[PDB]
Each structure stands twice: as structure tokens, then as C-alpha cells.
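The chain that follows stands alone, in the form deposited in one PDB entry, written as C-alpha cells.
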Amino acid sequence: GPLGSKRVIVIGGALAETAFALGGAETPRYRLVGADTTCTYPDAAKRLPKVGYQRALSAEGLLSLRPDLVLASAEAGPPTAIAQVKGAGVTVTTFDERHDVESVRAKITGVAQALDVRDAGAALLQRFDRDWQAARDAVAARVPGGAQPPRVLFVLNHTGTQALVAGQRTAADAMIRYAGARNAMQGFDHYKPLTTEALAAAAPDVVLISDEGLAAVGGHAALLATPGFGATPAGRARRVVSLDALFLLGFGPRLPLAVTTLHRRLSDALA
């Protein structure tokens, strides 16, 4: 349009991945100029000046980068910061997050629409869909452990000796199920502090944690010494899988690889 090339800011790591996956840092139609701190992939994202954590944005910092457009994840906030950006006349297009493959496909087509690169969107979607079918095939070939879907506990983080764990309506729950496994935690949504009682009942076969969470707790031995973890199937077998948080949980264009990778890791762990 008459605005020419647009300066774009992206909030949400998977959105940034989507943008970069359509055709690099700057194209004829747009240039990415800023992001929130969760946008660490690929190297071009990591390079962008950052304007706060995605839930604690600096509206002033963001506006100082003179955006024409902001692509914002469902998690972008707080509301007063978003409102200040819109009030300065900047277009803010917000995406949904449903933690499923269709929701990623909507990010692909939605971001490509917002950036006026329909053809690039369609090409990326076709690649993504081919890769997704392959990932489905890889998972379907063999259940990790070779029997019924194994029980996996996802730890986000710890406060002291207490782990914060994923129930339903989470990225982790969806990823565990895409990889042919079952969430060891059932009966609640979102994240909740894990009680040793809930943990004994959950009886995980594998503990899954992000690289960041593993570092925060002090490593593998530290994690397994968390109260209650030893006396579980995973603890007895010392069965831990780590993956990078953005890659594991982001629900972006690497979803097929992320699911293949989680399934490989769980499969190795349950050899």
C-alpha cells in the first residue's frame, strides 16, 4: 500500500518464528525491528531490540521503535501497555492460542495476511503440512515404551522444593499427547503447585522439563531429589527429558520437528 515497507514489532516467540519463516529479517513489504524477550529464534529474532517480557511490555520502549504494525500473541500485555500502543495510532493485530496444530496454521496464514505476503504464507503452510503429516507418521509408528501411552509429568519451574506442573489446556499437555504419551497430571487446567500426594497419584513414567527449568533447579540430580520425585516410576528409573522451552512449548512453525523430537526423546528414555 501507500505506506510502503512497514516497520513491524512482534510479541510472542512463535509469532516471530512465523514471520522469519516467511522470508527473512526484511523483505520488500516489511522489516522486523523489535520484539519481546521470548523471541529468541532464529538468530535474526535474537538480534532484534527487545521491549520487555511479553506480559510486561514497555509501551514507551515499543513506540520508540516507530512501528507501523505490531503482531501480538494472545499472551501480550499488560492491557494498559497494549492500549497505550493502540492509542498512539499503531495497528495491533492479535492472534489466538489454542495449543493445537490448527492454531499454528492460523498463525501462518494470519501473520502472512498481516504482512501482505499471501504467497509466502501459502508456501510455508504447504511445507508445514507435509512435515506435520510426517511427524504424525513417526509418532504413530511406535508408542514410546512400546506399550500404552506413557505418563509424562511436565515441570515448568520450582518455588523452593515445590514444582509447578502442567494440567490440561496447556501447551505441555498438548505436546505430550502429540508425542504419543499421556499427561500424568489430570483433573485441573493450567499450572498448579505439585503436592507430594498429587505426585504419587500422578505416577509419572518420565519427567519432562525445559532446559531453563532444569538449569533453575540445579540439574538432573537436583530435580530427582525434589521431595516425592524419587518414589515414582520416573524417579526409580531416573528418567528425565529436557528440551528448550520455546522449541518445546511455542506452537510455531517448528511444531512438526518439536513433536518428532519429543517423541524421539521419550522413546529413548523408555527404551
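Residue numbers run from 1 along the displayed sequence.
The following text describes the form solved in complex with a small molecule, which does not appear among the structures shown.
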*asked:* Looking at heavy atoms inside 4.5 Å, which stretch does the small molecule contact in the bound PDB entry, given the options 223-231, 201-209, 37-45, 58-66?
replied: 37-45
_Only one of 245, 214, 240, 33 gets a heavy atom within 4.5 Å of the small molecule in the bound PDB entry. Which one?_
245
_Within 4.5 Å, heavy atoms only: does residue 191 come near the small molecule in the bound PDB entry?_
yes
*asked:* Can you tell me if residue 71 lies within 4.5 angstroms of the small molecule in the bound PDB entry, counting non-hydrogen atoms only?
replied: no
*Taking heavy atoms and a 4.5 Å cut-off, does residue 80 contact the small molecule in the bound PDB entry?*
no
*asked:* Can you work out whether residue 124 and the small molecule are in contact in the bound PDB entry, taking contact to mean some heavy atom pair no more than 4.5 Å apart?
replied: no
_Motion between this form and the one not shown between rigid parts - which of 197, 96, 147, 137 is the hinge_ = 96
*Cα-Cα shift for residue 242 and residue 160, closer or farther in the bound PDB entry, minimum 3 Å*: closer
_Thinking of the 3 angstroms or more shift, are the C-alphas of residue 158 and residue 233 brought closer or pushed farther apart in the bound PDB entry than in this view?_
farther
